[PDB]
Every structure is written in structure tokens, then in C-alpha cells.
Amino acid sequence: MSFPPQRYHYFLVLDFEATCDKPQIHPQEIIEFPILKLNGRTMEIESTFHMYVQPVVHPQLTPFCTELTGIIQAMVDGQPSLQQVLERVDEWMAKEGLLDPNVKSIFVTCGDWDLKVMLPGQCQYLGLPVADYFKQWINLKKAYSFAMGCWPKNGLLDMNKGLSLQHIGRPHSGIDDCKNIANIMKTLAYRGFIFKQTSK
Ligand SMILES: Nc1ccn([C@@H]2O[C@H](COP(=O)(O)O)[C@@H](O)[C@H]2O)c(=O)n1
Ligand SMILES: [Mg+2]
């Protein structure tokens, strides 16, 4: 059954980028906040939220961070901070119609880190409540492991390799990582996979 009925009207693909260094910076702060809204049945991209975020605790991006993500200082200077971006997300959700209880959506991330560690950790640091729609998600690696029967070693790169897909854009670009997640999801749906919440 190619592209079977799914349990959600929409999938929200998210992949943060955060301040970093070697050794790792502390604390890390979200600097890129992308969301791709996918049609629940076809996995086609229908809307995009994308904002760079101004870090505050460590406001200057390290050379490693800019080299890893491609995000330069001018992309985060003058941006809203996480608190305001989270308010922009809520407005975006409202306009998309995703705040209707009868519209079922779920976030999809590559790994658990984004919504199990990064966002709650920074929100706790800032004293900000985490919106309830951030508290359930699908770990694509776990989903892939049920669809393909195997554990990918290196995230999106190895999942594209397993599915014979060309990598979209630049690795460690948040928006480009989201497009790869969406492309992997589309192929898994073509193979007949029905996505399920994995977060506990
Ligand atoms: N080698 C790496 C890979 C990721 N990271 C951190 O983890 C974040 C999320 O990783 P991805 O770019 O793989 O999504 C990065 O924005 C960066 O802060 C890192 O600091 N060193
Ligand atoms: Mg990323």
C-alpha cells in the first residue's frame, strides 16, 4: 500500500541549530528555528516557519559554530531571542490551523535531542513554559528502524544512503536538515510505513 492513510493530518519537521564550540559551549542556545509543515498523507511541504535566533548567554558565534552550521554573526544579530521566536511559532501554528483540537499534528525530529534536551533545557534556563505541542514527537531514527528493520549509524546521512536518496542542501543547516527529514519521510510512506509517536 503506497502512501497509506496516516494517523496525523500534518507532520511538523523540526531541526534546531545551536551555539557550539570544541570543547562544547555551555549552555547551548538555539540559533536556528525551522519548521516544515508536511501534508499528513503525501508528506509534501506545504508551509515553512524559519527564524534565526539571537543567542544571549554567549552572544558571539564561535568559529566552530559558524564553520559547522554556516550561520554567520550577521544572521543572528538583531534577531529576536528564543522567547519571542516561541511566540512567533505560536502565531504561525494558529494561522496554519494547527491549534484546532480536531486537527492532529506531531513534530518529527532526527533524534530525540531537539525536543527532549535542547528546547526544554533552554526554556527551563529562561523560565519559559514549553508549549504542549512540543512535548510529543517522532524520532525519525526510531521510525526508520521499524520501517527498514535496521539502526542507521550516522543520522540523516545514513538514512539517505539506505534509501538511495541524494542529500538535500547543506548538512547542519537547520532548514536543509528539515528537507532531508521530509524527503526520507516521503520515501518511507511510499514504502507503506505508517508513522507513530515515539516519545515517551
Ligand atoms: N559535531 C557537532 C555536531 C553538532 N553539534 C551541535 O549540535 C547541534 C545540532 O546538530 P545538527 O546540526 O547535527 O542538527 C549543532 O547546531 C551544534 O550546536 C556540535 O556542536 N558538534
Ligand atoms: Mg541540524
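Quick note: residue numbers are just sequence positions, from 1. FYI, side chains are in, hydrogens and waters are out, and symmetry mates aren't considered; it's all heavy atoms of this structure. In listed order, ligands and their atoms are each counted from 1.
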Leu115 and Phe107, any side-chain heavy atoms less than 4.5 Å apart: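 Answer yes - side chains close enough.
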Count the heavy atoms belonging to other residues, nucleotides or ligands that lie under 6.0 Å from [atom1] of [X], then report whether that count exceeds 12.
X      : atom1 : result
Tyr190 : OH    : no
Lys153 : NZ    : no
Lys95  : NZ    : no

Provide, to 0.1 Å, the distance between [atom] and the closest protein heavy atom, together with that atom's residue and name.
atom                    : result
atom 11 (P) of ligand 1 : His172 ND1, 3.5 Å
atom 5 (N) of ligand 1  : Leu68 CD2, 3.6 Å
atom 10 (O) of ligand 1 : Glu17 OE1, 4.1 Å

Within the 6.0 Å centroid threshold, strictly below: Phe193 and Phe195: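 So the answer is yes for these two rings.
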Output field: ring centroids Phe11/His9 closer than 6.0 Å: no
Close-contact set for ligand 1 against [X] heavy atoms, below 4.0 Å:
X     : value
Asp15 : 14 (O)
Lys22 : 19 (C), 20 (O), 21 (N)
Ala18 : 16 (O), 17 (C), 18 (O)
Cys20 : 17 (C), 18 (O), 20 (O)
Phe16 : 14 (O)

Any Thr19 heavy atom less than 4.0 Å from ligand 1: yes
Using distance alone, determine whether [X] and ligand 1 share an N or O pair under 3.5 Å.
X      : result
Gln28  : yes
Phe64  : no
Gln24  : yes
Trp113 : no

Cluster check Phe134, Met93: I/L/V/M/F/W/Y, side chain < 4.5 angstrom: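 Yes.
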Modelled atom types, side-chain donor and acceptor of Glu32 and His50, under 3.5 Å: yes
Structural part of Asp21 in contact with ligand 1, heavy atom criterion under 4.0 angstrom: neither
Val57 to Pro27 - nearest heavy-atom pair and separation: CG1-CD, 3.7 Å
Shortest non-hydrogen separation from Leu61 to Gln73 and the atoms involved: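 In terms of heavy atoms, the two residues are closest at N-OE1, 2.8 Å.
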NZ or CZ of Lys37 within 45° of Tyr10 ring axis and under 6.0 Å: yes
Which atom, counting only N, O or S, brings [X] closest to the Mg ion (ligand 2)?
X      : value
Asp15  : OD1
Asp177 : OD2
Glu17  : OE2

